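The sequence lines fix the lettering, A, B, ..., with proteins before strands; numbering per chain opens at 1.
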Amino acid sequence: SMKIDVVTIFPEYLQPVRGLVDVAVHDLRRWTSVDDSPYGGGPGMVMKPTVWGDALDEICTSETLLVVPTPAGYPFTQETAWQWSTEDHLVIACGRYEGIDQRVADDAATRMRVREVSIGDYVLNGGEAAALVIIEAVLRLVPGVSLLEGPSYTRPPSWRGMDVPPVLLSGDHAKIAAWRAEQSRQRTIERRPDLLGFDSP
Amino acid sequence: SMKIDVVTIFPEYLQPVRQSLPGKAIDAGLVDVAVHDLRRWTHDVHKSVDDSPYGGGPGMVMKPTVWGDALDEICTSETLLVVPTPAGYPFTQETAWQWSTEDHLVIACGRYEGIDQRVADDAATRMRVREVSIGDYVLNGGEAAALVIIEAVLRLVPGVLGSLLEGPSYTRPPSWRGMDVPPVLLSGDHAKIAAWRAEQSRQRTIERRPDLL
Ligand SMILES: N#Cc1c(N)n[nH]c1-c1ccc2c(Cl)cn(Cc3cccnc3)c2c1
Ligand SMILES: N#Cc1c(N)n[nH]c1-c1ccc2c(Cl)cn(Cc3cccnc3)c2c1
């Protein structure tokens, strides 16, 4: 059983989320201008801590795992997803602009567990798409719901003059298992050599 | 000026992308994102998109004949075909920069155990195909990855959407719940501020992403 609360100034972006789990989306502006120029200078705007503090006060408890997407976060991995899959309560704080005043996470950490995470090494305009990814990766692991996958095939056995690998039609479990291992190994070496402890291209 | 076509059995999942697009960019003809229901290209009254995996195993595999027809209609020789997959090459910021100058992206979103490999292999004989993963976690299908790719790519297209880690940011008020903004930021010593931010970045990268060093 899990409850997920998502806080965002763009609640409409979280629509694609639509009994063991409830997901609720909250408009941050309900607790109010949410942004201002950064202290110390720099381009863009920073979300003010005041509005966030009030929102999180209401939504979070000491048992909450507060998730804060950020391009500067610890990596969110499958291990993270497994870890979070047994939590009772995730709150995902989605910001925009140049980010959220750091004191929001710092203040929250005095009261609950806080995880600043990034879903990958690319830049988004805000946390919402990251929230969608995190929710999907976590929810599919909730109780009651290494190497790269090799290629998959289905009918027909010949299509546009391209044949399904004959071993897959042979019914030889051992040969099929071995061919699939080899395919995964070749794929991992080519595409993700880091997973096998080699240099990245 | 970019056209993105997304093909999916859950077109409603992609609706927020068309929400995030500013009218000015669309009206200036800088961007067009169209979403297509894969079932438009099914052959049978049951609108089947999947079938059992050759060689056995759990789950199902998306049918090559359905995808083949969809991509035949939507793609041209100039298309960059993007296929999200947990077995893909990593999608990075460098990838996003590269793709941001493309005329036509087609994103093929699958489900279940994947799309019959012959779809991408056949497509690759007449267009550029890119199998990519957005990170080291497992999703149920390509749709959430497509959302991420679209956003990361389009924000690099001039006026469409509107290394070390970045350190912390602060704004008003100067004191909040017992926490003061670091005084250096209010010092007016901008060389010192830059050095402070550099050191914050270094420390954060060591703590959170040692792999980057
Ligand atoms: N998780 C993740 C993640 C990812 N993997 N990329 N971008 C994001 C993400 C997460 C949270 C925010 C917030 Cl709050 C504002 N922005 C825009 C921004 C901020 C600083 C520098 N550049 C862009 C966010 C980007
Ligand atoms: N991009 C990315 C990405 C990512 N970073 N995680 N998962 C995905 C993703 C992309 C595409 C598909 C398709 Cl098609 C089916 N599935 C579910 C699946 C397949 C094989 C093994 N397990 C789950 C997909 C998962």
Side-chain angles (χ1 to χ4, degrees), chain A residues 12-13 16 35-41 45-46 48-50 53 71-78 80-81 98-99 101-103 106-107 119-125 129 132-133 136-137 140 148-157 159-160 162 164 167-169 173 176 180 187 191-192, chain B residues 12-13 16 20 51-56 61 63-65 68 86-93 95-96 113-114 116-118 121-122 134-140 143-144 147-148 151-152 155 161 165-166 168-173 176-177 179 181 184-186 190 193 197 204 208-209:
Chain A
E12 61 264 41
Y13 296 176
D35 65 293
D36 204 345
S37 292
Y39 277 123
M45 304 292 266
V46 176
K48 298 172 65 55
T50 48
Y74 296 85
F76 176 85
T77 69
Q78 192 62 18
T80 321
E98 297 303 310
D101 189 290
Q102 187 61 43
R103 292 169 293 177
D106 289 4
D107 173 64
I119 60 159
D121 285 351
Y122 36 76
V123 185
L124 304 169
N125 280 335
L132 286 177
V133 167
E136 173 154 345
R140 60 185 299 281
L148 300 188
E149 304 288 353
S152 288
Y153 300 88
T154 188
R155 298 186 297 182
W159 178 70
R160 298 187 175 184
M162 290 179 151
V164 173
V167 61
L168 293 177
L169 323 184
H173 296 169
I176 289 171
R180 281 180 173 160
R187 244 178 204 196
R191 302 176 179 193
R192 292 294 307 280
Chain B
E12 60 275 39
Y13 195 98
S20 68
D51 193 8
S52 294
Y54 274 121
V61 178
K63 300 170 66 69
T65 54
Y89 295 86
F91 176 81
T92 70
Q93 191 62 14
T95 319
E113 317 304 295
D116 183 295
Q117 190 58 44
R118 292 168 293 176
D121 292 357
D122 168 59
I134 58 157
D136 290 331
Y137 35 76
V138 182
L139 306 172
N140 286 320
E143 286 78 8
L147 288 185
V148 163
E151 180 169 339
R155 69 181 288 285
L161 279 188
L165 298 183
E166 270 135 1
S169 288
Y170 301 89
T171 190
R172 295 183 42 77
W176 183 74
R177 303 192 170 184
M179 292 172 290
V181 173
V184 61
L185 297 176
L186 282 74
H190 298 287
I193 288 166
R197 288 180 166 159
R204 179 173 276 188
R208 303 180 174 188
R209 294 292 306 275

**Student:** Run the side chain to side chain donor-acceptor pair (under 3.5 Å) test against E136(A) and tell me which residues pass, sequence neighbours left out.
**Tutor:** none

**Student:** Taking the basic N atoms (NZ, or NE/NH1/NH2) and the acidic carboxylate oxygens, is any pair closer than 4.0 Å for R209(B) and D121(A)?
**Tutor:**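 Looking at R209(B) and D121(A), the cut-off is met.
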
**Student:** Quick check on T92(B) against chain A: is it the side chain, the backbone, both or neither that has a heavy atom closer than 4.5 Å?
**Tutor:** both

**Student:** Between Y13(A) and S20(B), is there a side-chain heavy-atom distance shorter than 4.5 Å?
**Tutor:**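 Of all side-chain heavy-atom pairs linking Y13(A) with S20(B), at least one is under 4.5 Å.
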
**Student:** Which pair of heavy atoms, one from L147(B) and one from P16(A), lies closest together, and at what distance?
**Tutor:**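 Heavy atoms of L147(B) and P16(A) come nearest at CD1-CG, 4.4 Å.
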
**Student:** Mind listing the closest non-hydrogen atom pair of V61(B) and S152(A) along with its distance?
**Tutor:**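 Nearest heavy atoms, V61(B) then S152(A): CG2-CB, 3.7 Å.
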
**Student:** At a heavy-atom separation under 4.5 Å, does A152(B) approach chain A through its side chain, its backbone, both, or neither?
**Tutor:**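 For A152(B), heavy atoms of backbone and side chain both lie under 4.5 Å from chain A.
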
**Student:** Report which part of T65(B) has an atom under 4.5 Å of a heavy atom belonging to chain A: side chain, backbone, both, or neither.
**Tutor:**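 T65(B) touches chain A through backbone and side-chain heavy atoms alike.
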
**Student:** Counting only heavy atoms closer than 4.5 Å, note whether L139(B) contacts chain A via side chain, backbone, both or neither.
**Tutor:**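 Backbone plus side chain of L139(B), per the 4.5 Å heavy-atom cut-off to chain A.
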
**Student:** Looking at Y122(A) and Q93(B), what are the two nearest heavy atoms and their distance?
**Tutor:**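 That closest heavy-atom pairing would be CA-OE1, 3.2 Å.
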
**Student:** Just so I understand: if I count every heavy-atom pair under 4.5 Å between each of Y89(B), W176(B), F91(B) and chain A, which residue has the most?
**Tutor:**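 Most heavy-atom pairs under 4.5 Å with chain A: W176(B).
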
**Student:** Return the set of residues passing side chain to side chain donor-acceptor pair (under 3.5 Å) with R160(A) (not counting sequence neighbours), or none when no residue passes.
**Tutor:** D72(B), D122(B)

**Student:** Top residue by heavy-atom pair count (under 4.5 Å) with chain A, among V138(B), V148(B), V184(B), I193(B)?
**Tutor:**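 Of the candidates given, the most pairs with chain A belong to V138(B).
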
**Student:** In the structure I gave you, are the side-chain heavy atoms of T154(A) and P64(B) within less than 4.5 Å of one another anywhere?
**Tutor:** yes

**Student:** Less than 4.5 Å to any heavy atom of chain A: does that hold for the side chain of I134(B), its backbone, both, or neither?
**Tutor:**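 Answer is both: backbone and side chain atoms of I134(B) are under 4.5 Å from chain A.
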
**Student:** Looking at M179(B), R118(B), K63(B), which one has more heavy-atom pairs under 4.5 Å with chain A than the rest?
**Tutor:** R118(B)

**Student:** Can you confirm whether more than 12 heavy atoms, excluding those of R208(B), are under 6.0 Å from its CZ atom?
**Tutor:** yes

**Student:** Do the non-hydrogen side-chain atoms of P157(A) and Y54(B) ever get within less than 4.5 Å of each other?
**Tutor:**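 Yes; the side chains approach each other to less than 4.5 Å.
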
**Student:** Which heavy atom of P71(A) sits nearest a heavy atom of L165(B), and at what distance?
**Tutor:** O-CD2, 4.0 Å

